[PDB]
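K.L.:
When you get a sec, could you give me coordinates for this:
(2 chains, ligands or ions: 4)
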Protein chains: 2
Amino acid sequence: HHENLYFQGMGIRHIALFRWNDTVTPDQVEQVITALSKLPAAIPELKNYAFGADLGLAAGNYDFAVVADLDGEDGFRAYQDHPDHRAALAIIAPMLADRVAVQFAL
Amino acid sequence: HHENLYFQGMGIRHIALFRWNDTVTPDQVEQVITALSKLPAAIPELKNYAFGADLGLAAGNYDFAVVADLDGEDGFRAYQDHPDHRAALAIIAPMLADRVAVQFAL
Ligand SMILES: O=[N+]([O-])c1ccccc1
Ligand SMILES: O=[N+]([O-])c1ccccc1
Ligand SMILES: [Cl-]
Ligand SMILES: [Cl-]
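P.N.:
Numbering: from 1, shown residues only, chains lettered A, B, ... in the order given. Ligands and ions are numbered 1, 2, ... in the order given. Okay, here it is:
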């Protein structure tokens, strides 16, 4: 919920889409929401993020999206390596049937 | 490249990630960029969009992302039905090895 961004170098939009496995319960999705909200890896290079559960509007969709806007490849690497981020990946990993990602220049 | 948004109802972030088939050439990706830029289905409910090719930063990523922020399910449906949108889907469809999508509440 922000609010104009300013990148010093190349702005990178990271996206990951998740498809849950059979293991996953609504409370676990709530856990993922809590984790993404409190472990955001909010380094200065992370300018904006958004995430949420699929709204059920299209047959065949995946279940969940996370988007993170990062200032530069150095920003992106620092984000990947940040402890918050490794803790969040850890929470999600056992829940995944699939994950597809792209990073593009914003 | 905008710039604070205002939704009258529920803001919906649509995301689609594409994985090209063997058919696809760099010039065709350029065609997709041109199409998404000139056929955006820019109804009043479409508040913001972004799209681009994957930057090659992570082994196993998909090839291309499009993101569209829509005001309400009525916005989302009007967008799906807009001629620009049907023309863009038409261009992309033959190029796809896979497509994964989510819509979430922004
Ligand atoms: O890319 N990811 O899979 C991801 C990104 C941010 C937080 C947790 C997971
Ligand atoms: O969701 N999509 O596949 C899509 C969205 C917008 C423009 C073209 C294709
Ligand atoms: Cl943080
Ligand atoms: Cl338009």
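
K.L.:
what about the spatially most central residue of chain A, which SS state?
P.N.:
In chain A, the centroid-proximal residue (Cα atoms, centre = their mean) is residue A:66; its distance is 3.1 Å. Assigned state for residue A:66: strand (three-state reduction, DSSP: H, G, I helix; E, B strand; the rest coil).

K.L.:
quick one: the closest residue to it other than its chain neighbours and residue A:40, what's the gap?
P.N.:
In this structure, residue A:66 finds its nearest non-sequential neighbour in residue A:51, 4.1 Å apart by Cβ to Cβ, 6 or more residues apart in numbering or on different chains. Every C-beta, even on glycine, is put in place using the N, C-alpha and C of the backbone. In this view, residue A:51 and residue A:40 are 9 Å apart by Cβ to Cβ, to the nearest Å.

K.L.:
Over to residue A:85?
P.N.:
8 Å.

K.L.:
Please apply the same query to residue A:77.
P.N.:
In terms of Cβ to Cβ, residue A:77 sits 17 Å off from residue A:40.

K.L.:
of the two, who's got more company?
P.N.:
Counted by other Cβ atoms under 10 Å in any protein chain shown, residue A:77 and residue A:40 do not tie: residue A:40 has more neighbours, with 18 against 13.

K.L.:
which residues touch the closest residue to ligand 2 within chain A?
P.N.:
Ligand 2 sits closest to residue A:58 of chain A, with a gap of 8.7 Å, by Cβ to the nearest ligand atom. Residues counted as contacts of residue A:58 (Cβ atoms under 8 Å, 6 or more residues apart in numbering or on different chains) are B:101, B:103.

K.L.:
Once you drop chain neighbours, what's closest to the residue in chain A that ligand 4 sits nearest to?
P.N.:
Using Cβ to the ion, residue A:106 is the residue of chain A that sits closest to ligand 4, at 20.7 Å. Excluding the flanking residues, the one nearest residue A:106 by Cβ to Cβ, 6+ apart is residue A:11, at 3.9 Å.
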